[PDB]
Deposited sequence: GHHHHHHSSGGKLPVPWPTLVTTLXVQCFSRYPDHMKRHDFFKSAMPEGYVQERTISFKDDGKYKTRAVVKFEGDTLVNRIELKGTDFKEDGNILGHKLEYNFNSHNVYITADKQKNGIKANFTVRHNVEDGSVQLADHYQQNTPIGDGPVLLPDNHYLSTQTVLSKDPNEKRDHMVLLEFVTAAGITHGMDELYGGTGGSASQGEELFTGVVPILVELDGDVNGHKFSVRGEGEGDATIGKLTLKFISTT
């Protein structure tokens, strides 16, 4: 059993699978960084509770898009919504606001996730994000825009392990290929996710597998603890 609720890990567990409409293709940093990939770092501040600090490497390994993350959680409350497992098993729609970070040749993002709590309250998870390309090749630095998300969470009835089935759609909004990296996403791409976590000393790991179809902004993944 994970020591934190599955919904709190959704944003940490591949924005290169977002659908960028044709008029916005010049603003897709995530795909432009491929195949060498990017480092994605966040601080996630759970209001009135602790924080996650995450560092991920997102890159291709052969045909597979891999997201490997180290997560460190500190300052959580014993009977808070996170360590107390008081969050509903669902996920709200969010708008991820992206800005260019010209000095880091990358991007920043900010957004606040709303986690529904079982008593009808809301737990906020304030996200600060920075992404830096790994390669030396040119990348696309975007104008200000956002990603609009939709996520559904479910279970595999045949799976005895603690797990999460996730389906997600993401479209960019708020504004031939525009990068060579974009062309690595034209069809269905297998995904592997590996997370190593420690939250207030509770150690855990998650492995996810599935596929992404960036033409429709879709992710299909199953994660196991």
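In this entry, the deposited residues absent from the coordinate set span 1 to 11, 25, 188 to 199, 250 to 251.
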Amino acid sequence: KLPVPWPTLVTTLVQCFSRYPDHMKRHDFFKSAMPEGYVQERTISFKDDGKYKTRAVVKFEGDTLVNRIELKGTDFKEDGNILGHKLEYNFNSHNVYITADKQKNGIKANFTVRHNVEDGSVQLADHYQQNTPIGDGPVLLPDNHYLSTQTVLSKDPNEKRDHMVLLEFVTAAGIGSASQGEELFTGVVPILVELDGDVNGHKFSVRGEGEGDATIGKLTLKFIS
From here on, numbers count along this sequence of modelled residues.
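The stretch with the higher mean CA B factor, choosing between 58 to 66 and 153 to 161, is 153 to 161. Mean CA B-factor, 75 to 83 versus 88 to 96: the higher value falls on 75 to 83. Ranking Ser32, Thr186, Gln40, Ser45 by Cα temperature factor from the entry places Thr186 first. Taking only the listed residues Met24, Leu9, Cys16, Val206, the entry reports the highest CA temperature factor at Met24. When all modelled residues of the chain are sorted by CA temperature factor, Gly174 is found within the highest third. Annotation for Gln130: C-alpha temperature factor in the lowest third relative to the rest of the modelled chain, per the entry. Ranked by Cα temperature factor within the chain, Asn110 sits in the lowest third according to the deposited record. Per the PDB record, residue ranking by Cα B-factor puts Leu221 in the middle third of the chain.
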